[PDB]
file structure28.pdb (PDB, C-alpha atoms (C1' of nucleotides))
ATOM      1  CA  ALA A   4     -74.022 -48.292   5.248
ATOM      2  CA  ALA A   5     -73.001 -49.980   8.500
ATOM      3  CA  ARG A   6     -72.067 -53.597   7.725
ATOM      4  CA  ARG A   7     -70.090 -53.358   4.493
ATOM      5  CA  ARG A   8     -69.057 -49.691   4.252
ATOM      6  CA  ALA A   9     -67.608 -50.292   7.735
ATOM      7  CA  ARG A  10     -64.384 -51.050   5.874
ATOM      8  CA  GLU A  11     -64.020 -47.580   4.377
ATOM      9  CA  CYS A  12     -65.074 -46.085   7.710
ATOM     10  CA  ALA A  13     -61.736 -47.152   9.204
ATOM     11  CA  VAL A  14     -59.333 -47.633   6.275
ATOM     12  CA  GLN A  15     -57.965 -44.370   7.682
ATOM     13  CA  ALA A  16     -56.845 -46.366  10.708
ATOM     14  CA  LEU A  17     -55.154 -48.788   8.322
ATOM     15  CA  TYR A  18     -53.510 -45.891   6.487
ATOM     16  CA  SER A  19     -52.505 -44.277   9.760
ATOM     17  CA  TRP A  20     -51.433 -47.675  11.048
ATOM     18  CA  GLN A  21     -49.334 -48.285   7.953
ATOM     19  CA  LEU A  22     -47.900 -44.821   8.537
ATOM     20  CA  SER A  23     -47.725 -44.661  12.335
ATOM     21  CA  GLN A  24     -46.188 -48.116  12.909
ATOM     22  CA  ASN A  25     -47.324 -48.242  16.523
ATOM     23  CA  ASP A  26     -49.519 -50.582  18.562
ATOM     24  CA  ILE A  27     -52.647 -51.372  16.553
ATOM     25  CA  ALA A  28     -54.707 -51.296  19.751
ATOM     26  CA  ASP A  29     -53.598 -47.720  20.404
ATOM     27  CA  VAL A  30     -54.137 -47.098  16.684
ATOM     28  CA  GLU A  31     -57.832 -47.955  16.947
ATOM     29  CA  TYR A  32     -57.781 -46.101  20.272
ATOM     30  CA  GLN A  33     -56.728 -42.796  18.723
ATOM     31  CA  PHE A  34     -59.018 -43.486  15.754
ATOM     32  CA  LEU A  35     -62.156 -43.881  17.869
ATOM     33  CA  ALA A  36     -60.863 -40.875  19.795
ATOM     34  CA  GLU A  37     -60.830 -38.921  16.528
ATOM     35  CA  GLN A  38     -64.563 -39.212  15.816
ATOM     36  CA  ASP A  39     -67.630 -41.262  16.732
ATOM     37  CA  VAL A  40     -68.260 -43.347  13.619
ATOM     38  CA  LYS A  41     -71.659 -45.028  13.340
ATOM     39  CA  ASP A  42     -71.457 -46.480   9.807
ATOM     40  CA  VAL A  43     -69.311 -49.371  11.104
ATOM     41  CA  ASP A  44     -70.273 -52.452  13.065
ATOM     42  CA  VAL A  45     -67.827 -52.657  15.959
ATOM     43  CA  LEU A  46     -67.361 -56.336  15.088
ATOM     44  CA  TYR A  47     -65.936 -55.125  11.799
ATOM     45  CA  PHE A  48     -63.851 -52.693  13.850
ATOM     46  CA  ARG A  49     -62.419 -55.710  15.659
ATOM     47  CA  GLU A  50     -61.848 -57.341  12.266
ATOM     48  CA  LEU A  51     -59.952 -54.305  11.005
ATOM     49  CA  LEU A  52     -57.767 -54.351  14.109
ATOM     50  CA  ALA A  53     -57.302 -58.103  13.611
ATOM     51  CA  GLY A  54     -56.052 -57.230  10.124
ATOM     52  CA  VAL A  55     -52.525 -56.983  11.560
ATOM     53  CA  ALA A  56     -51.782 -60.717  11.618
ATOM     54  CA  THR A  57     -48.676 -61.486   9.604
ATOM     55  CA  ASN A  58     -50.561 -63.015   6.645
ATOM     56  CA  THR A  59     -50.806 -59.377   5.550
ATOM     57  CA  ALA A  60     -47.455 -59.948   3.884
ATOM     58  CA  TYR A  61     -48.760 -63.295   2.647
ATOM     59  CA  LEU A  62     -51.752 -61.704   0.924
ATOM     60  CA  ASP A  63     -49.432 -59.345  -0.894
ATOM     61  CA  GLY A  64     -47.349 -62.483  -0.951
ATOM     62  CA  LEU A  65     -50.492 -63.929  -2.517
ATOM     63  CA  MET A  66     -49.904 -61.609  -5.479
ATOM     64  CA  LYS A  67     -46.149 -61.304  -4.910
ATOM     65  CA  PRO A  68     -45.468 -62.858  -8.349
ATOM     66  CA  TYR A  69     -48.889 -61.587  -9.478
ATOM     67  CA  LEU A  70     -47.915 -57.907  -9.471
ATOM     68  CA  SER A  71     -47.761 -55.403 -12.297
ATOM     69  CA  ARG A  72     -45.352 -53.206 -10.318
ATOM     70  CA  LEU A  73     -43.453 -53.114  -7.021
ATOM     71  CA  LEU A  74     -45.047 -53.113  -3.558
ATOM     72  CA  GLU A  75     -43.746 -49.976  -1.840
ATOM     73  CA  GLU A  76     -44.582 -48.012  -4.989
ATOM     74  CA  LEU A  77     -48.215 -48.924  -4.400
ATOM     75  CA  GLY A  78     -49.212 -45.987  -2.227
ATOM     76  CA  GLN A  79     -49.975 -46.360   1.467
ATOM     77  CA  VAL A  80     -53.657 -45.759   0.680
ATOM     78  CA  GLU A  81     -53.697 -48.528  -1.930
ATOM     79  CA  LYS A  82     -51.464 -50.635   0.323
ATOM     80  CA  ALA A  83     -53.910 -50.452   3.224
ATOM     81  CA  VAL A  84     -57.094 -50.732   1.158
ATOM     82  CA  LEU A  85     -55.956 -53.754  -0.844
ATOM     83  CA  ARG A  86     -54.386 -55.371   2.218
ATOM     84  CA  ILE A  87     -57.622 -55.244   4.200
ATOM     85  CA  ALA A  88     -59.693 -56.288   1.181
ATOM     86  CA  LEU A  89     -57.502 -59.376   0.897
ATOM     87  CA  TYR A  90     -57.566 -59.813   4.671
ATOM     88  CA  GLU A  91     -61.279 -60.380   4.157
ATOM     89  CA  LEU A  92     -60.684 -63.510   2.043
ATOM     90  CA  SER A  93     -57.075 -64.608   2.763
ATOM     91  CA  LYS A  94     -57.451 -65.062   6.533
ATOM     92  CA  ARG A  95     -60.954 -63.912   7.547
ATOM     93  CA  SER A  96     -63.267 -65.430   4.870
ATOM     94  CA  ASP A  97     -66.053 -62.883   5.036
ATOM     95  CA  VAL A  98     -67.708 -63.014   1.571
ATOM     96  CA  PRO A  99     -67.092 -64.342  -1.993
ATOM     97  CA  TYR A 100     -65.129 -62.710  -4.802
ATOM     98  CA  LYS A 101     -67.849 -60.578  -6.425
ATOM     99  CA  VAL A 102     -69.207 -59.080  -3.192
ATOM    100  CA  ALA A 103     -65.903 -58.256  -1.513
ATOM    101  CA  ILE A 104     -64.402 -56.946  -4.747
ATOM    102  CA  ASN A 105     -67.391 -54.738  -5.505
ATOM    103  CA  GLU A 106     -66.693 -53.441  -2.001
ATOM    104  CA  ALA A 107     -62.980 -52.926  -2.655
ATOM    105  CA  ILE A 108     -63.791 -51.030  -5.854
ATOM    106  CA  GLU A 109     -66.677 -48.869  -4.614
ATOM    107  CA  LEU A 110     -65.251 -47.969  -1.192
ATOM    108  CA  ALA A 111     -61.895 -46.630  -2.415
ATOM    109  CA  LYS A 112     -63.267 -43.829  -4.629
ATOM    110  CA  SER A 113     -63.055 -41.197  -1.896
ATOM    111  CA  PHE A 114     -59.418 -42.239  -1.328
ATOM    112  CA  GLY A 115     -57.890 -43.363  -4.632
ATOM    113  CA  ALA A 116     -55.406 -41.366  -6.678
ATOM    114  CA  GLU A 117     -57.877 -40.700  -9.531
ATOM    115  CA  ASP A 118     -56.969 -43.984 -11.238
ATOM    116  CA  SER A 119     -56.606 -46.428  -8.348
ATOM    117  CA  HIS A 120     -59.661 -48.480  -9.236
ATOM    118  CA  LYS A 121     -58.412 -49.562 -12.656
ATOM    119  CA  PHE A 122     -55.194 -51.068 -11.326
ATOM    120  CA  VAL A 123     -56.666 -52.538  -8.165
ATOM    121  CA  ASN A 124     -59.330 -54.249 -10.282
ATOM    122  CA  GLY A 125     -56.831 -55.423 -12.901
ATOM    123  CA  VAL A 126     -54.503 -56.912 -10.293
ATOM    124  CA  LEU A 127     -57.335 -58.197  -8.057
ATOM    125  CA  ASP A 128     -58.244 -60.817 -10.649
ATOM    126  CA  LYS A 129     -56.082 -62.839  -8.263
ATOM    127  CA  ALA A 130     -59.174 -62.649  -6.050
ATOM    128  CA  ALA A 131     -60.791 -65.215  -8.353
ATOM    129  CA  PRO A 132     -58.431 -68.097  -7.400
ATOM    130  CA  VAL A 133     -58.259 -67.205  -3.699
ATOM    131  CA  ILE A 134     -61.933 -68.193  -3.549
ATOM    132  CA  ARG A 135     -62.206 -70.553  -6.500
ATOM    133  CA  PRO A 136     -65.604 -71.906  -5.351
ATOM    134  CA  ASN A 137     -66.923 -68.499  -6.354
TER     135      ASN A 137
ATOM    136  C1'   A B   1     -86.387 -61.651   7.000
ATOM    137  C1'   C B   2     -86.013 -57.210   3.790
ATOM    138  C1'   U B   3     -80.420 -50.240   2.406
ATOM    139  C1'   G B   4     -75.124 -53.545   0.409
ATOM    140  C1'   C B   5     -72.812 -58.320  -6.601
ATOM    141  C1'   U B   6     -66.685 -56.493 -10.360
ATOM    142  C1'   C B   7     -66.738 -49.793 -12.282
ATOM    143  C1'   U B   8     -62.105 -54.427 -15.233
ATOM    144  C1'   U B   9     -53.648 -53.809 -14.702
ATOM    145  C1'   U B  10     -51.673 -45.719 -11.164
ATOM    146  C1'   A B  11     -49.741 -39.147 -11.336
ATOM    147  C1'   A B  12     -50.490 -38.183 -17.423
ATOM    148  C1'   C B  13     -45.895 -31.544 -20.852
ATOM    149  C1'   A B  14     -44.869 -26.284 -18.782
ATOM    150  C1'   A B  15     -41.343 -24.852 -21.587
ATOM    151  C1'   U B  16     -41.709 -20.142 -27.741
ATOM    152  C1'   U B  17     -40.008 -15.684 -31.708
ATOM    153  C1'   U B  18     -32.701 -11.692 -34.205
ATOM    154  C1'   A B  19     -29.688 -14.690 -34.040
ATOM    155  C1'   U B  20     -25.210 -16.186 -30.640
ATOM    156  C1'   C B  21     -20.055 -18.829 -32.838
ATOM    157  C1'   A B  22     -21.116 -17.996 -26.845
ATOM    158  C1'   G B  23     -19.263 -13.472 -26.411
ATOM    159  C1'   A B  24      -8.583  -7.097  -9.036
ATOM    160  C1'   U B  25     -11.426  -7.673  -2.893
ATOM    161  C1'   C B  26     -10.316 -12.566   0.981
ATOM    162  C1'   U B  27      -6.471  -6.687   6.985
ATOM    163  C1'   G B  28      -6.507  -4.250  12.185
ATOM    164  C1'   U B  29      -8.496  -2.906  18.054
ATOM    165  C1'   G B  30      -4.014   4.011  17.652
ATOM    166  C1'   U B  31      -7.993   6.881  20.383
ATOM    167  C1'   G B  32     -11.369  10.528  22.212
ATOM    168  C1'   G B  33     -16.882   6.197  23.399
ATOM    169  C1'   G B  34     -17.361   1.618  26.821
ATOM    170  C1'   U B  35     -27.849  14.579  39.816
ATOM    171  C1'   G B  36     -30.351  19.334  37.786
ATOM    172  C1'   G B  37     -34.877  22.628  36.874
ATOM    173  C1'   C B  38     -38.241  25.494  39.466
ATOM    174  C1'   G B  39     -40.499  27.750  43.527
ATOM    175  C1'   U B  40     -40.062  29.924  48.358
ATOM    176  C1'   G B  41     -37.516  32.068  52.195
ATOM    177  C1'   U B  42     -33.287  34.496  54.408
ATOM    178  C1'   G B  43     -29.214  37.446  54.331
ATOM    179  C1'   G B  44     -25.739  40.546  51.977
ATOM    180  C1'   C B  45     -24.251  44.622  49.039
TER     181        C B  45
END
call {"tool": "encode", "arguments": {"input": "structure28.pdb", "output": "structure tokens"}}
result
Amino acid sequence: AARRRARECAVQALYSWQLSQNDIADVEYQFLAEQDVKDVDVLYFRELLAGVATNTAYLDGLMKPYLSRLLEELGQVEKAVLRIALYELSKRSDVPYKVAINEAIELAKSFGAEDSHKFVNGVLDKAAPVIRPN
RNA sequence: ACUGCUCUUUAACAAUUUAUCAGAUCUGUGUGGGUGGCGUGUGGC
């Protein structure tokens, strides 16, 4: 509710970030200004704002040859969701493959484009090597 | 400590009923166009 789902409490921010292209600090500023969210540990809020570090590219660079399609064609919602889910394990190292990927599959159902989970799960099998000591 | 372990490689068609051989006008700036009603009073004839 609070710890894990925290991600999907602020993927909006990510989305808006990946659409606004402004200062991420002001991004979280306007986001917390939008509503008082209590299903998120503010430490995970700081993680989400830390999810700006350039390895973002690298994590899509992680799958850059491991892609079924192009990158920009992956919608901004999928872009942000997958980018933060890989920011868990590509630079932040929060949890193993099963836990974080169950998260990335369950907490994108109220945002996906009616089929997002199939492709994110089929391409996220790259999450197995990124933590090989699974 | 003590709600939280993969669901498995992206949108997912409406179009529809004789019938066919396709079957000259692109003007104006000539110009009229850019204080009274009523009442009362007075006086006159």
call {"tool": "resolve_selection", "arguments": {"input": "structure28.pdb", "expression": "the PyMOL selection byres ((chain B) within 9 of (chain A))", "output": "list in words"}}
result
residues 3, 4, 5, 6, 7, 8, 9, 10 and 11 of chain B
call {"tool": "atom_distance", "arguments": {"input": "structure28.pdb", "atom1": "atom CA of residue A:87", "atom2": "atom CA of residue A:14"}}
result
8.1 Å
call {"tool": "atom_distance", "arguments": {"input": "structure28.pdb", "atom1": "atom CA of residue A:46", "atom2": "atom CA of residue A:137"}}
result
24.7 Å
call {"tool": "residues_around", "arguments": {"input": "structure28.pdb", "residues": "residue A:13", "least_positions_apart": "5", "cutoff": "10 Å", "atoms": "all atoms listed in the file", "output": "PyMOL selection string"}}
result
chain A and resi 8+18-19+31+34-35+40+42-43+47-48+51-52+84
call {"tool": "write_last_selection", "arguments": {"input": "structure28.pdb", "atoms": "C-alpha atoms", "output": "short mmCIF file (atom, residue, chain, number, x, y, z; two decimals), in the coordinates of the input"}}
result
data_model
loop_
_atom_site.label_atom_id
_atom_site.label_comp_id
_atom_site.auth_asym_id
_atom_site.auth_seq_id
_atom_site.Cartn_x
_atom_site.Cartn_y
_atom_site.Cartn_z
CA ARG A 8 -69.06 -49.69 4.25
CA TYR A 18 -53.51 -45.89 6.49
CA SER A 19 -52.50 -44.28 9.76
CA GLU A 31 -57.83 -47.96 16.95
CA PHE A 34 -59.02 -43.49 15.75
CA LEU A 35 -62.16 -43.88 17.87
CA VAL A 40 -68.26 -43.35 13.62
CA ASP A 42 -71.46 -46.48 9.81
CA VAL A 43 -69.31 -49.37 11.10
CA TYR A 47 -65.94 -55.12 11.80
CA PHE A 48 -63.85 -52.69 13.85
CA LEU A 51 -59.95 -54.30 11.00
CA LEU A 52 -57.77 -54.35 14.11
CA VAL A 84 -57.09 -50.73 1.16
#
call {"tool": "closest_residue", "arguments": {"input": "structure28.pdb", "among": "A:39, A:92, A:12, A:129", "to": "residue A:67", "atoms": "all atoms listed in the file"}}
result
A:129
call {"tool": "axis_aligned_box", "arguments": {"input": "structure28.pdb", "around": "stretch 17-30 of chain B", "padding_each_side": "8 Å", "output": "AutoDock Vina command-line options"}}
result
--center_x -22.0 --center_y -7.4 --center_z -8.1 --size_x 52.0 --size_y 38.8 --size_z 68.3
call {"tool": "closest_residue", "arguments": {"input": "structure28.pdb", "among": "A:21, A:79, A:33, A:93", "to": "residue A:61", "atoms": "all atoms listed in the file"}}
result
A:93
call {"tool": "resolve_selection", "arguments": {"input": "structure28.pdb", "expression": "the PyMOL selection byres ((chain A and resi 95) around 12)", "output": "number ranges by chain"}}
result
A: 47, 49-51, 53-56, 58-59, 62, 87-94, 96-99, 103, 134
call {"tool": "atom_distance", "arguments": {"input": "structure28.pdb", "atom1": "atom CA of residue A:44", "atom2": "atom CA of residue A:17"}}
result
16.3 Å
